[PDB]
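Reading through the structure tokens given below for one structure.
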Protein chains: 2
Amino acid sequence: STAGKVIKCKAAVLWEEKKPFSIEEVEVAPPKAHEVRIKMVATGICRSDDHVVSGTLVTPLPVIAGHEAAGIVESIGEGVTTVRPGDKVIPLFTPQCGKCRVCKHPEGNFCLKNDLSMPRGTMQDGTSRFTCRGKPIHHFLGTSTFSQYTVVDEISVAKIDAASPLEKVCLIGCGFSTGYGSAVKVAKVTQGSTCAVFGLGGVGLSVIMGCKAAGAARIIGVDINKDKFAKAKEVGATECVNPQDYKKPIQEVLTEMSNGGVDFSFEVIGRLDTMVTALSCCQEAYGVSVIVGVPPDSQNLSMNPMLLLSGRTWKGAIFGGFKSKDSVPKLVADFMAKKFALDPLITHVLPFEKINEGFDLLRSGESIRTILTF
Amino acid sequence: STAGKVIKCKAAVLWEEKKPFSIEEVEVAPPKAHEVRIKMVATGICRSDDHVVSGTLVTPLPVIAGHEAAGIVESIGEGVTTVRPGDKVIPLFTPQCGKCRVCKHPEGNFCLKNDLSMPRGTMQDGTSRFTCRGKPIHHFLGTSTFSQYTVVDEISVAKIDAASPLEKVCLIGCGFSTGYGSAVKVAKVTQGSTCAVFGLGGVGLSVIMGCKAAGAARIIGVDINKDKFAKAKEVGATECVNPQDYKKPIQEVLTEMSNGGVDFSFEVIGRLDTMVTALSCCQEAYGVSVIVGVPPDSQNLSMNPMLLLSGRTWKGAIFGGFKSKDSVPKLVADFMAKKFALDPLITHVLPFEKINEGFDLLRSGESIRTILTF
Ligand SMILES: NC(=O)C1=CN([C@@H]2O[C@H](COP(=O)(O)OP(=O)(O)OC[C@H]3O[C@@H](n4cnc5c(N)ncnc54)[C@H](O)[C@@H]3O)[C@@H](O)[C@H]2O)C=CC1
Ligand SMILES: NC(=O)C1=CN([C@@H]2O[C@H](COP(=O)(O)OP(=O)(O)OC[C@H]3O[C@@H](n4cnc5c(N)ncnc54)[C@H](O)[C@@H]3O)[C@@H](O)[C@H]2O)C=CC1
Ligand SMILES: O=CNCc1ccccc1
Ligand SMILES: O=CNCc1ccccc1
Ligand SMILES: [Zn+2]
Ligand SMILES: [Zn+2]
Ligand SMILES: [Zn+2]
Ligand SMILES: [Zn+2]
């Protein structure tokens with residue numbers, strides 16, 4: 001009944017940095033050619049959404065944030081082939097156009113149509129589908145999921161299993177898949193190895209899950225908040241260390257614990273200092289360190305290239321290195337076969353209208369993921 | 001007849017940074033247990049030896065430098081099992097002890113017995129085999145080849161083919177193998193890829209050789225000295241670029257030349273700025289950059305970690321990633337079988353006594369490798 005019409009609905013609009021979201025009425029345009037309009041069912045609160053509020057992650061404002069979600073297709077624009085009305089879907093914050101040099105590369109996933117490197121906060125066509133208070137509102141990573149309805153480009157949505165539980169599999173839209181794939185696909189963690197995971201939020205827990213799945217022998221979780229440790233051990237950490245408990249710098253501690261450095265280390269926080277520390281704690285000749293955390297905008301780190309000349313490998317990735325539209329349906333299929341677990345990441349469920357409470361839970365240290373239900 | 005006796009011979013001693021080498025009469029002690037005394041036959045002049053003169057590379061002084069060499073075993077100490085008197089040998093500036101965690105790892109080559117990370121300028125036992133007028137002289141990377149005779153630990157020497165031409169295969173001891181392995185083993189250059197090689201000295205030429213052997217379709221050489229370009233093209237460069245010719249940064253030039261970034265880049269100079277340019281010029285989602293050059297002591301580079309978060313891989317290596325004692329004999333066997341050429345790297349041949357002329361040639365930009373003969 002809403003097909004072809006403007007929808008009036010509620011959305012959490014961010015008008016300014018360092019302010020609460022404003023839940024208010026927005027207008028959602030119908031989809032144009034090759035666009036899909038989605039009724040949201042569930043969306044998670046990712047630290048990257050909070051980085052938009054804090055200015056850590058720059059994107060044009062005002063904006064409808066949110067990018068870790070699941071919903072149901074309300075309507076399709078002309079020419080859409082990959083989803084239909086009524087389909088369950090996960091929006092893809094990293095698109096898969098399938099035509100660019102990256103999408104054609106066997107190892108690349110950072111499609112050239114992304115809105116991450118040089119964010120414009122628009123649809124692919126350079127326009128917005130959202131109006132609020134008579135003003136156009138920006139999109140966020142081609143997703144914008146903090147709204148009862150959103151419109152996405154076809155290359156930014158994946159059809160998933162019709163029986164999927166949307167209030168869990170929304171995590172496959174960002175935090176689970178990012179962590180998991182950072183271990184299994186990007187680092188390529190090996191059986192019997194020693195891993196160190198810096199940051200034990202939802203993404204870092206998912207990195208632990210991937211390390212465990214890969215057969216790591218030792219998985220050392222590192223966090224300054226010791227309340228994170230219990231859950232990290234439940235999902236596979238063999239030891240947890242709090243850097244504040246030690247007189248020596250933590251790279252020194254880890255190098256000792258691992259008899260000369262770890263095989264794989266992961267930065268899952270977003271601090272320049274910890275990126276360098278995590279690189280330093282992997283074994284100097286054959287260690288690999290993966291940056292997963294989002295750094296403060298435009299800031300450089302400083303490091304001694306001798307850390308690399310001895311033989312370390314340093315890399316980063318977006319979305320766990322997964323080709324998004326290929327991988328998300330498969331991940332969902334795997335979750336419904338119970339190949340991995342999502343419940344350990346979900347600490348809190350709230351209705352969408354309590355989004356600001358959800359962000360307070362994250363900021364205070366209390367939650368891993370809060371799922372918002374519409 | 002000299003076995004078990006002190007040898008008096010000439011060696012080139014570096015007493016002070018930024019001075020010429022001094023040809024001195026030195027005393028070379030006989031080898032102690034698990035040590036090998038070698039009569040030199042040929043030694044190349046590598047930029048890393050110059051780095052000791054310039055203070056780029058810090059190692060205790062006074063010192064006998066030289067590390068890219070071949071010779072003949074004059075005698076062996078008690079318990080030596082891998083070489084005998086009369087054998088042709090290449091000293092190994094990176095050892096292969098066979099027992100440490102790196103030697104046991106399939107990929108690692110930076111054996112924990114190395115004298116690179118925290119240089120002591122001694123034999124493994126913490127002492128020197130060289131004296132000049134009563135004063136102990138330090139060793140260099142457990143090799144010290146700018147001498148008519150040297151003493152090395154058994155873990156720092158490999159036996160090679162009895163028929164091999166020592167005045168050529170000395171380059172397997174450092175520059176050739178470092179460049180070639182950086183391409184074929186560390187980067188794992190693929191068929192049909194685009195490569196960019198920063199620095200077209202002996203090591204960079206060997207990188208080009210390796211890229212061509214791996215089947216690269218495009219190999220872009222980058223040097224500020226356009227006199228290096230002809231030889232780079234002879235050994236497989238498809239194009240050469242001088243950053244001084246352009247009114248914009250070379251990473252932008254290379255990114256446009258490669259239609260969005262190269263597949264593999266190599267820093268083969270030793271400058272922090274070129275390390276960051278080389279990383280930048282490889283494709284943001286799937287590019288790999290390898291640091292080969294030796295940076296100035298204790299200096300840090302500055303870089304934006306978003307270069308890695310997109311998907312780039314940054315690594316470095318010593319000695320092309322080769323496990324030294326296993327690989328050097330095989331590389332010599334491959335040269336004897338015409339699998340690669342060494343003559344394109346040799347521009348000058350001089351008697352040992354003319355070492356300072358050899359260094360003048362390197363510093364002026366005229367030479368690639370000067371081989372010093374005994
Ligand atoms: N590369 C990618 O595609 C993606 C990156 N991100 C990023 O990953 C990072 C983690 O995301 P979440 O798990 O959602 O965040 P989170 O905030 O829940 O977890 C981060 C953890 O780091 C810990 N921490 C903070 N400072 C620390 C320090 N100095 N040392 C050790 N631990 C410290 C916190 O106590 C917390 O448990 C964020 O920067 C986020 O923006 C998330 C998703 C996708
Ligand atoms: N990682 C390893 O195991 C090893 C590393 N090294 C290092 O590799 C580097 C290369 O050694 P060689 O080939 O013997 O040296 P080289 O001095 O013959 O060649 C370096 C080249 O860099 C070029 N160059 C200098 N400044 C430049 C700039 N700003 N931009 C572009 N080109 C520039 C020069 O014109 C020269 O042709 C040195 O730093 C050396 O210490 C060499 C052997 C082993
Ligand atoms: O959390 C999801 N996406 C945000 C993101 C921003 C920049 C880099 C990686 C990820
Ligand atoms: O040229 C060979 N070795 C010198 C060297 C010193 C430090 C790091 C790598 C190599
Ligand atoms: Zn694409
Ligand atoms: Zn996220
Ligand atoms: Zn070893
Ligand atoms: Zn060298």
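Chain labels follow the order of the structure tokens: the first chain is A, the next B, and so on; residue numbering restarts at 1 in every chain, and ligands are counted from 1 in their shown order.
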
Counting only C-alpha atoms and all ligand atoms, what are the residues, protein, DNA or RNA alike, that approach ligand 2 to within 7 Å? I want them as a short mmCIF file (atom, residue, chain, number, x, y, z; two decimals) with N, CA, C and O atoms, in the first residue's frame.
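The result, written out as out_37.cif:
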```
data_model
loop_
_atom_site.label_atom_id
_atom_site.label_comp_id
_atom_site.auth_asym_id
_atom_site.auth_seq_id
_atom_site.Cartn_x
_atom_site.Cartn_y
_atom_site.Cartn_z
N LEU A 309 60.76 -4.32 8.59
CA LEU A 309 61.90 -4.83 7.86
C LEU A 309 62.31 -6.21 8.39
O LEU A 309 62.76 -7.07 7.63
N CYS B 46 77.98 -3.12 -1.15
CA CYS B 46 76.55 -2.95 -0.98
C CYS B 46 76.27 -1.61 -0.32
O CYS B 46 77.09 -1.13 0.50
N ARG B 47 75.15 -0.96 -0.68
CA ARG B 47 74.85 0.25 0.01
C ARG B 47 74.83 0.15 1.53
O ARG B 47 75.12 1.14 2.25
N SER B 48 74.46 -1.02 2.06
CA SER B 48 74.44 -1.17 3.51
C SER B 48 75.82 -1.01 4.13
O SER B 48 75.93 -0.60 5.25
N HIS B 51 76.15 2.55 4.52
CA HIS B 51 75.35 3.03 5.57
C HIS B 51 76.13 3.01 6.90
O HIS B 51 75.83 3.77 7.85
N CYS B 174 74.07 -11.19 -0.87
CA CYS B 174 73.20 -10.12 -0.41
C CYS B 174 72.32 -9.54 -1.46
O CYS B 174 71.13 -9.87 -1.48
N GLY B 175 72.83 -8.78 -2.38
CA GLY B 175 71.96 -7.92 -3.15
C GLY B 175 71.04 -8.64 -4.08
O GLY B 175 69.83 -8.29 -4.21
N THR B 178 68.41 -10.67 -1.98
CA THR B 178 67.49 -9.78 -1.30
C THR B 178 66.42 -9.25 -2.27
O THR B 178 65.22 -9.31 -2.00
N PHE B 198 60.92 1.24 -6.45
CA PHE B 198 61.56 2.50 -6.01
C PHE B 198 63.00 2.25 -5.66
O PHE B 198 63.31 1.56 -4.70
N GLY B 199 63.91 2.74 -6.52
CA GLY B 199 65.35 2.54 -6.31
C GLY B 199 65.83 1.51 -7.31
O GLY B 199 65.44 0.38 -7.24
N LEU B 200 66.79 1.88 -8.19
CA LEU B 200 67.24 1.05 -9.28
C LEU B 200 68.74 0.82 -9.13
O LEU B 200 69.48 0.77 -10.14
N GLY B 201 69.22 0.61 -7.90
CA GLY B 201 70.52 0.05 -7.64
C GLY B 201 70.54 -1.44 -7.79
O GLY B 201 69.62 -2.05 -8.29
N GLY B 202 71.59 -2.05 -7.27
CA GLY B 202 71.73 -3.47 -7.37
C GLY B 202 70.56 -4.26 -6.82
O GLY B 202 70.11 -5.27 -7.41
N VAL B 203 70.04 -3.84 -5.67
CA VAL B 203 68.95 -4.54 -5.06
C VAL B 203 67.67 -4.31 -5.86
O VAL B 203 66.95 -5.26 -6.12
N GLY B 204 67.38 -3.11 -6.26
CA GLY B 204 66.19 -2.83 -7.07
C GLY B 204 66.16 -3.47 -8.41
O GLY B 204 65.14 -3.95 -8.86
N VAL B 222 61.39 3.49 -10.55
CA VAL B 222 61.35 4.85 -10.08
C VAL B 222 62.69 5.20 -9.49
O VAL B 222 63.18 4.48 -8.62
N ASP B 223 63.37 6.22 -10.04
CA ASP B 223 64.66 6.66 -9.53
C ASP B 223 64.85 8.13 -9.86
O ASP B 223 64.39 8.57 -10.90
N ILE B 224 65.52 8.88 -8.99
CA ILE B 224 65.88 10.29 -9.27
C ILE B 224 67.09 10.42 -10.18
O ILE B 224 67.41 11.52 -10.61
N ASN B 225 67.78 9.31 -10.40
CA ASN B 225 68.94 9.32 -11.29
C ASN B 225 68.58 8.61 -12.55
O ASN B 225 68.57 7.37 -12.61
N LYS B 228 70.15 5.51 -14.31
CA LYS B 228 69.84 4.12 -13.93
C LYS B 228 68.81 3.42 -14.79
O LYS B 228 68.58 2.21 -14.69
N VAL B 268 63.15 0.32 -2.25
CA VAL B 268 64.48 -0.27 -2.35
C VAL B 268 65.52 0.82 -2.30
O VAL B 268 66.50 0.82 -3.10
N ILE B 269 65.33 1.82 -1.39
CA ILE B 269 66.14 3.00 -1.29
C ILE B 269 66.61 3.12 0.16
O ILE B 269 67.85 3.08 0.44
N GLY B 270 65.70 3.27 1.10
CA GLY B 270 66.02 3.51 2.50
C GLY B 270 65.59 4.89 2.92
O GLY B 270 66.36 5.50 3.63
N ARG B 271 64.48 5.44 2.44
CA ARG B 271 64.04 6.78 2.87
C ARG B 271 62.63 6.57 3.47
O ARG B 271 61.76 5.88 2.83
N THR B 274 59.84 7.70 0.86
CA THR B 274 59.57 6.76 -0.20
C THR B 274 58.90 5.51 0.32
O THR B 274 58.16 4.91 -0.44
N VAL B 292 62.21 -2.83 1.55
CA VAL B 292 63.51 -3.48 1.42
C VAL B 292 64.62 -2.57 1.92
O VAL B 292 65.57 -3.04 2.57
N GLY B 293 64.53 -1.29 1.62
CA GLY B 293 65.58 -0.34 2.01
C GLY B 293 65.75 -0.23 3.52
O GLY B 293 64.82 -0.35 4.28
N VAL B 294 66.95 0.09 3.94
CA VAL B 294 67.31 0.30 5.34
C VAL B 294 67.16 1.77 5.65
O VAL B 294 67.87 2.60 5.09
N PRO B 295 66.25 2.09 6.61
CA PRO B 295 65.98 3.41 7.02
C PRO B 295 67.10 3.98 7.94
O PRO B 295 67.81 3.24 8.59
N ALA B 317 61.24 -7.23 4.77
CA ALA B 317 61.96 -8.45 4.95
C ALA B 317 63.49 -8.16 4.91
O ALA B 317 63.93 -7.24 4.26
N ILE B 318 64.19 -9.12 5.50
CA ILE B 318 65.64 -9.21 5.43
C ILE B 318 66.02 -10.29 4.42
O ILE B 318 65.44 -11.38 4.46
N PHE B 319 66.96 -10.01 3.57
CA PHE B 319 67.52 -11.03 2.72
C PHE B 319 66.45 -11.73 1.88
O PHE B 319 66.55 -12.89 1.60
N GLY B 320 65.46 -10.97 1.39
CA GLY B 320 64.45 -11.47 0.48
C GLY B 320 63.56 -12.54 1.04
O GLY B 320 62.92 -13.32 0.32
N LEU B 362 80.18 4.16 -6.03
CA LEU B 362 78.80 3.99 -5.55
C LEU B 362 78.21 5.33 -5.20
O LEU B 362 77.11 5.64 -5.66
N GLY B 365 77.01 7.70 -7.96
CA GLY B 365 75.92 7.24 -8.75
C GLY B 365 76.30 6.44 -9.99
O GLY B 365 75.43 5.96 -10.72
N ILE B 368 76.62 0.13 -10.16
CA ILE B 368 75.64 -0.69 -9.48
C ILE B 368 76.40 -1.51 -8.45
O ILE B 368 76.59 -1.01 -7.37
#
```

For ligand 5, list the contacting residues at 7 Å or closer, counting only C-alpha atoms and all ligand atoms, as JSON, numbers by chain.
{"A": [95, 96, 97, 98, 99, 100, 101, 102, 103, 111, 112, 113]}

Keeping only N, CA, C and O atoms, write those residues as a PDB file, in the first residue's frame.
```
ATOM      1  N   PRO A  95      29.517  -1.767  -0.528  1.00  0.00           N
ATOM      2  CA  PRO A  95      28.720  -2.347  -1.637  1.00  0.00           C
ATOM      3  C   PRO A  95      29.466  -3.489  -2.361  1.00  0.00           C
ATOM      4  O   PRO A  95      30.683  -3.709  -2.119  1.00  0.00           O
ATOM      5  N   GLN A  96      28.782  -4.160  -3.270  1.00  0.00           N
ATOM      6  CA  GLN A  96      29.449  -5.038  -4.240  1.00  0.00           C
ATOM      7  C   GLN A  96      28.872  -4.828  -5.590  1.00  0.00           C
ATOM      8  O   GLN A  96      27.874  -5.464  -5.965  1.00  0.00           O
ATOM      9  N   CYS A  97      29.462  -3.924  -6.355  1.00  0.00           N
ATOM     10  CA  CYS A  97      28.949  -3.580  -7.663  1.00  0.00           C
ATOM     11  C   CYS A  97      29.112  -4.731  -8.683  1.00  0.00           C
ATOM     12  O   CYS A  97      28.380  -4.831  -9.689  1.00  0.00           O
ATOM     13  N   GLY A  98      30.142  -5.549  -8.428  1.00  0.00           N
ATOM     14  CA  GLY A  98      30.476  -6.719  -9.240  1.00  0.00           C
ATOM     15  C   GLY A  98      31.172  -6.350 -10.553  1.00  0.00           C
ATOM     16  O   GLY A  98      31.552  -7.204 -11.290  1.00  0.00           O
ATOM     17  N   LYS A  99      31.435  -5.095 -10.840  1.00  0.00           N
ATOM     18  CA  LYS A  99      31.974  -4.696 -12.162  1.00  0.00           C
ATOM     19  C   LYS A  99      33.326  -4.021 -12.085  1.00  0.00           C
ATOM     20  O   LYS A  99      34.046  -3.999 -13.098  1.00  0.00           O
ATOM     21  N   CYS A 100      33.687  -3.448 -10.913  1.00  0.00           N
ATOM     22  CA  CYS A 100      34.887  -2.649 -10.749  1.00  0.00           C
ATOM     23  C   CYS A 100      36.113  -3.593 -10.590  1.00  0.00           C
ATOM     24  O   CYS A 100      35.980  -4.782 -10.374  1.00  0.00           O
ATOM     25  N   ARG A 101      37.295  -2.986 -10.736  1.00  0.00           N
ATOM     26  CA  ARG A 101      38.556  -3.768 -10.658  1.00  0.00           C
ATOM     27  C   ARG A 101      38.721  -4.473  -9.289  1.00  0.00           C
ATOM     28  O   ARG A 101      39.195  -5.602  -9.156  1.00  0.00           O
ATOM     29  N   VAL A 102      38.166  -3.875  -8.244  1.00  0.00           N
ATOM     30  CA  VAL A 102      38.230  -4.516  -6.933  1.00  0.00           C
ATOM     31  C   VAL A 102      37.246  -5.673  -6.841  1.00  0.00           C
ATOM     32  O   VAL A 102      37.558  -6.734  -6.344  1.00  0.00           O
ATOM     33  N   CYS A 103      35.995  -5.453  -7.262  1.00  0.00           N
ATOM     34  CA  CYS A 103      35.028  -6.513  -7.186  1.00  0.00           C
ATOM     35  C   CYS A 103      35.458  -7.732  -8.011  1.00  0.00           C
ATOM     36  O   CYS A 103      35.202  -8.872  -7.628  1.00  0.00           O
ATOM     37  N   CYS A 111      34.854  -2.270  -2.657  1.00  0.00           N
ATOM     38  CA  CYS A 111      34.317  -1.829  -3.961  1.00  0.00           C
ATOM     39  C   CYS A 111      34.489  -0.360  -4.191  1.00  0.00           C
ATOM     40  O   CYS A 111      34.206   0.433  -3.293  1.00  0.00           O
ATOM     41  N   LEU A 112      34.793   0.034  -5.420  1.00  0.00           N
ATOM     42  CA  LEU A 112      35.017   1.407  -5.773  1.00  0.00           C
ATOM     43  C   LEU A 112      33.823   2.320  -5.698  1.00  0.00           C
ATOM     44  O   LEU A 112      33.947   3.577  -5.656  1.00  0.00           O
ATOM     45  N   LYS A 113      32.626   1.707  -5.581  1.00  0.00           N
ATOM     46  CA  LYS A 113      31.365   2.492  -5.356  1.00  0.00           C
ATOM     47  C   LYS A 113      31.100   2.803  -3.907  1.00  0.00           C
ATOM     48  O   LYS A 113      30.076   3.417  -3.639  1.00  0.00           O
TER      49      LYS A 113
END
```

Which chain B residues have any atom within 6 Å of an atom of chain A, and for each, what is the nearest pair of atoms with distance in Å to one decimal, counting only C-alpha atoms, rows sorted by chain and number, as a tab-separated table?
```
residue	atom	partner	partner_atom	distance
B:108	CA	A:286	CA	5.2
B:110	CA	A:285	CA	5.5
B:285	CA	A:108	CA	5.4
B:286	CA	A:108	CA	5.2
B:300	CA	A:304	CA	4.4
B:301	CA	A:302	CA	5.6
B:302	CA	A:302	CA	4.5
B:303	CA	A:300	CA	5.0
B:304	CA	A:300	CA	4.4
B:308	CA	A:316	CA	4.7
B:309	CA	A:316	CA	4.0
B:310	CA	A:317	CA	5.3
B:311	CA	A:317	CA	4.5
B:312	CA	A:315	CA	5.8
B:313	CA	A:315	CA	4.4
B:314	CA	A:314	CA	5.1
B:315	CA	A:313	CA	4.4
B:316	CA	A:309	CA	4.0
B:317	CA	A:311	CA	4.4
B:318	CA	A:310	CA	5.9
```

For the selection you just gave me, I'd like the residues written to a file as a compact mmCIF listing (two decimals), in the first residue's frame, keeping N, CA, C and O atoms.
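selection.txt, written as the output of this step:
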```txt
# COMPACT_ATOMS: atom_id res chain seq x y z
N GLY B 108 59.49 -17.82 8.30
CA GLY B 108 60.53 -16.97 8.90
C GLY B 108 61.92 -17.21 8.44
O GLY B 108 62.30 -18.36 8.20
N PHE B 110 64.46 -14.60 9.81
CA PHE B 110 65.27 -13.67 10.65
C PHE B 110 65.64 -14.41 11.91
O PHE B 110 65.08 -14.20 12.95
N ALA B 285 42.68 -1.49 -2.00
CA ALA B 285 41.94 -2.66 -1.52
C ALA B 285 42.73 -3.92 -1.46
O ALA B 285 42.40 -4.81 -0.67
N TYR B 286 43.72 -4.07 -2.39
CA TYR B 286 44.37 -5.38 -2.55
C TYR B 286 45.90 -5.23 -2.81
O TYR B 286 46.54 -6.23 -3.01
N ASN B 300 61.44 7.46 12.93
CA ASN B 300 60.08 6.98 12.67
C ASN B 300 59.46 7.67 11.46
O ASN B 300 59.71 8.81 11.18
N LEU B 301 58.65 6.93 10.74
CA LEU B 301 57.82 7.51 9.66
C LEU B 301 56.45 7.83 10.24
O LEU B 301 56.05 7.40 11.33
N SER B 302 55.76 8.66 9.47
CA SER B 302 54.42 9.09 9.77
C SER B 302 53.50 8.63 8.62
O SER B 302 53.81 8.85 7.46
N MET B 303 52.35 8.02 8.94
CA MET B 303 51.44 7.60 7.95
C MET B 303 50.04 7.50 8.48
O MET B 303 49.81 7.38 9.69
N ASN B 304 49.11 7.59 7.54
CA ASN B 304 47.67 7.53 7.88
C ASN B 304 47.24 6.08 7.83
O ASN B 304 47.30 5.46 6.74
N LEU B 308 45.94 1.37 5.34
CA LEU B 308 45.88 -0.03 5.57
C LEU B 308 44.45 -0.53 5.72
O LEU B 308 44.09 -1.65 5.30
N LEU B 309 43.59 0.27 6.38
CA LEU B 309 42.20 -0.19 6.68
C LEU B 309 41.45 -0.53 5.41
O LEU B 309 40.62 -1.40 5.44
N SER B 310 41.73 0.18 4.31
CA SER B 310 41.09 -0.21 3.03
C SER B 310 41.37 -1.57 2.48
O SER B 310 40.62 -2.09 1.66
N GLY B 311 42.50 -2.15 2.93
CA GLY B 311 42.88 -3.48 2.51
C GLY B 311 44.34 -3.67 2.08
O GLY B 311 44.72 -4.83 1.89
N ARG B 312 45.15 -2.64 2.06
CA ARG B 312 46.56 -2.79 1.73
C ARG B 312 47.29 -3.66 2.76
O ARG B 312 46.92 -3.74 3.90
N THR B 313 48.34 -4.31 2.23
CA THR B 313 49.24 -5.11 3.04
C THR B 313 50.61 -4.47 2.92
O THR B 313 51.10 -4.19 1.83
N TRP B 314 51.23 -4.27 4.09
CA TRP B 314 52.57 -3.64 4.17
C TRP B 314 53.48 -4.64 4.90
O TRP B 314 53.17 -5.12 5.94
N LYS B 315 54.59 -4.96 4.29
CA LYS B 315 55.53 -5.81 4.96
C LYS B 315 56.94 -5.45 4.64
O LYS B 315 57.17 -4.61 3.76
N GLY B 316 57.89 -6.02 5.37
CA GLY B 316 59.28 -5.90 4.97
C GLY B 316 59.95 -7.21 5.14
O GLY B 316 59.36 -8.19 5.57
N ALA B 317 61.24 -7.23 4.77
CA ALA B 317 61.96 -8.45 4.95
C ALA B 317 63.49 -8.16 4.91
O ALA B 317 63.93 -7.24 4.26
N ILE B 318 64.19 -9.12 5.50
CA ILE B 318 65.64 -9.21 5.43
C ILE B 318 66.02 -10.29 4.42
O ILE B 318 65.44 -11.38 4.46
```

If you run DSSP on this backbone, which residues of segment 168-254 of chain B come out as helix (DSSP H, G or I), and could you give them as a PyMOL selection string?
chain B and resi 168-173+175-187+202-213+226-234+243-245+250-254

Do you know which residues are at most 8 Å from residue 349 of chain A counting only C-alpha atoms, after dropping those on the same chain fewer than 3 positions away, and could you put them as a list in words?
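My reading of the contact set: residues 346, 370, 371, 372 and 373 of chain A.
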
Output of the above residues as a PDB file, in the first residue's frame, restricted to N, CA, C and O atoms:
```pdb
ATOM      1  N   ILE A 346      24.970 -10.133  22.018  1.00  0.00           N
ATOM      2  CA  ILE A 346      23.782  -9.338  22.218  1.00  0.00           C
ATOM      3  C   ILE A 346      23.562  -9.270  23.723  1.00  0.00           C
ATOM      4  O   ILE A 346      23.229 -10.284  24.352  1.00  0.00           O
ATOM      5  N   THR A 370      23.736  -3.650  21.657  1.00  0.00           N
ATOM      6  CA  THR A 370      22.303  -3.401  21.849  1.00  0.00           C
ATOM      7  C   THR A 370      21.633  -3.487  20.514  1.00  0.00           C
ATOM      8  O   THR A 370      22.130  -2.862  19.558  1.00  0.00           O
ATOM      9  N   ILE A 371      20.617  -4.362  20.384  1.00  0.00           N
ATOM     10  CA  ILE A 371      19.750  -4.437  19.248  1.00  0.00           C
ATOM     11  C   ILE A 371      18.546  -3.580  19.463  1.00  0.00           C
ATOM     12  O   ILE A 371      17.850  -3.686  20.489  1.00  0.00           O
ATOM     13  N   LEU A 372      18.300  -2.688  18.516  1.00  0.00           N
ATOM     14  CA  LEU A 372      17.093  -1.855  18.492  1.00  0.00           C
ATOM     15  C   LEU A 372      16.023  -2.511  17.589  1.00  0.00           C
ATOM     16  O   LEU A 372      16.322  -2.930  16.468  1.00  0.00           O
ATOM     17  N   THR A 373      14.782  -2.653  18.086  1.00  0.00           N
ATOM     18  CA  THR A 373      13.688  -3.280  17.356  1.00  0.00           C
ATOM     19  C   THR A 373      12.678  -2.173  17.003  1.00  0.00           C
ATOM     20  O   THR A 373      12.412  -1.235  17.776  1.00  0.00           O
TER      21      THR A 373
END
```

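Near segment 208-214 of chain A, within 8 Å and counting only C-alpha atoms, sit residues 179, 180, 181, 182, 183, 184, 188, 189, 190, 191, 195, 197, 204, 205, 217, 219, 232, 235, 236, 237 and 340 of chain A, not including residues fewer than 3 positions from it in the same chain.
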
Residues flagged strand (DSSP E) by DSSP in segment 108-346 of chain A, as an NGL selection string
:A and (130-132 or 135-137 or 149-153 or 157-159 or 194-198 or 218-222 or 239-241 or 264-267 or 288-291 or 301-303 or 313-316 or 346)

Coordinates-based distance that separates atom CA of residue 161 of chain B from atom CA of residue 29 of chain B (Å, one decimal)
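Computing the Euclidean distance for atom CA of residue 29 of chain B and atom CA of residue 161 of chain B yields 27.0 Å.
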
Contacts of residue 341 of chain B at 10 Å (only C-alpha atoms; same-chain gap of 2+ positions) as a compact mmCIF listing (two decimals) with C-alpha atoms, in the first residue's frame:
```
# COMPACT_ATOMS: atom_id res chain seq x y z
CA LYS B 168 79.82 -13.45 -9.66
CA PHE B 176 70.69 -10.32 -5.73
CA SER B 206 67.22 -7.71 -8.59
CA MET B 209 64.47 -9.52 -12.17
CA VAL B 235 66.53 -6.39 -16.92
CA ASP B 334 70.08 -22.06 -10.04
CA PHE B 335 72.64 -19.53 -11.35
CA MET B 336 74.82 -22.44 -12.63
CA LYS B 338 71.17 -20.29 -16.11
CA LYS B 339 67.93 -19.56 -14.28
CA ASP B 343 76.44 -9.85 -14.92
CA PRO B 344 73.85 -7.06 -15.39
CA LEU B 345 74.48 -6.06 -11.75
```
